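Take the position in the sequence shown, starting the count at 1, then add 159; the result is the number in the UniProt record's numbering.
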Amino acid sequence: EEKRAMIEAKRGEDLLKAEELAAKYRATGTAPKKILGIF
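Next comes the structure, spelled out in structure tokens:
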């Protein structure tokens, strides 16, 4: 389960990334919604 927490520190990081894309995509100016020049 300690490994779990490490895995979810990566999933967490990826969700943190996804929330980061949420932080970008909340700005609809980021029209592509894909791997773009800001990711």
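Cβ atoms here follow ideal geometry from the backbone N, Cα and C, with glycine treated the same way.
Residue i, enclosing alpha helix (DSSP H) - first and last residue
i    : result
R185 : Here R185 belongs to no alpha helix (DSSP H), and DSSP marks it neither H nor E.
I197 : Careful: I197 lies outside any alpha helix (DSSP H) and carries neither H nor E.
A190 : Per DSSP, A190 belongs to no alpha helix (DSSP H) and is neither H nor E.
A164 : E161 to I166
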